[PDB]
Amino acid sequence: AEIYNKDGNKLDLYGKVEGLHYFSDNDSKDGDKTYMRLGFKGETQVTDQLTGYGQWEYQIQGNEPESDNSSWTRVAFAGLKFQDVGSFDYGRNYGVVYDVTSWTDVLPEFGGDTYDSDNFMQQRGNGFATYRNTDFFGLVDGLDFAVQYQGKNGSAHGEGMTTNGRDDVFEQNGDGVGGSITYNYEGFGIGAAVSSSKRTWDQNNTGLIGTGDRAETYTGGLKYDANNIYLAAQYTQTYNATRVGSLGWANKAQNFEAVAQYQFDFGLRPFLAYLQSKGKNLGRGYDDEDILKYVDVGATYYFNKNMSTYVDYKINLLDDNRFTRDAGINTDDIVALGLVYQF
């Protein structure tokens, strides 16, 4: 909620409490999943053209006991925006791949999981320098593009080290570049995004699958957002980029997400979806294996802009086999029941 607006600066303090509960035969995905998010979006007017901004967003689990409570920063960046020239921001933010893949990431709780956080330039991560452009310098109504750089986030100790080092190799990344082009026009949307990033020595020399000099992704996306209907689909091909449970990464992966939603006037919003992640030439005798594969069904009911409830049902199509057990990937169904307050 916009709690402050005076003399050029305005601040939006926003958050939600998500009363959430998972039902699953997988005990590790069964139980209380309640959490809270808090954040601010700031905006200051510098000149006629220039404006400065800063966003921060934070998650604090609400399903843990008081002796040990986990929380983390989702985004934290600051930037400048100049009318018809572009914007620049730096900090923890979403990678440019997400500019397109986010069109399918629209379900209440599940979905958007053919990629993780801190997964190179595919979603949220540290050290993003991002240039964005709206309506191609104000000339083409609806044509947006972005060029982004991510600086190396290395290990905590030894060489290949950075000030913000991290022992988990799945959260590390070398220097990377990516970009995206988006075009919307009266309901329709065509999108593309490419990214390439050096992989660190640690994530290429600890006996994991899917090693190589670079982690790369290629994304294309379609959508339709009008007349109470939402349809979307994204296709992304990755190399040494998609995480394969605990085993490592997939040398090659073909990701597909599709979503269909409808919005009734009285507040109900059913949805149907299908996600899939096919790994190819994984090595170590695995060959071609589904990393992710599930239908997702359910509905959200909006009481209000501030209150909603939902049922989100993940029908897991993965088979329980030696590959999935070695990686520790969930093959069981999950039902998420939500009750959410926002402001």
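When you see a residue number, it is the position in the sequence shown, counting from 1.
Mean CA B-factor, 150 to 158 versus 169 to 177: the higher value falls on 150 to 158.
A summary of the deposited B-factors shows that, of 290 to 298 and 66 to 74, the stretch with the larger mean C-alpha value is 66 to 74. Ranking 263, 203, 219, 251 by the C-alpha B-factor listed in the PDB entry places 263 at the top. The deposited CA B-factor of residue 118 belongs to the middle third of values across its chain.
In the deposited entry, the Cα temperature factor of residue 311 places it in the middle third of its chain's modelled residues. The deposited CA B-factor of residue 135 belongs to the middle third of values across its chain. When the CA B factors of the chain's modelled residues are split into thirds, the value for residue 323 lands in the highest one. Residue 128 sits in the middle third of its chain by CA B factor, as recorded in the PDB entry.
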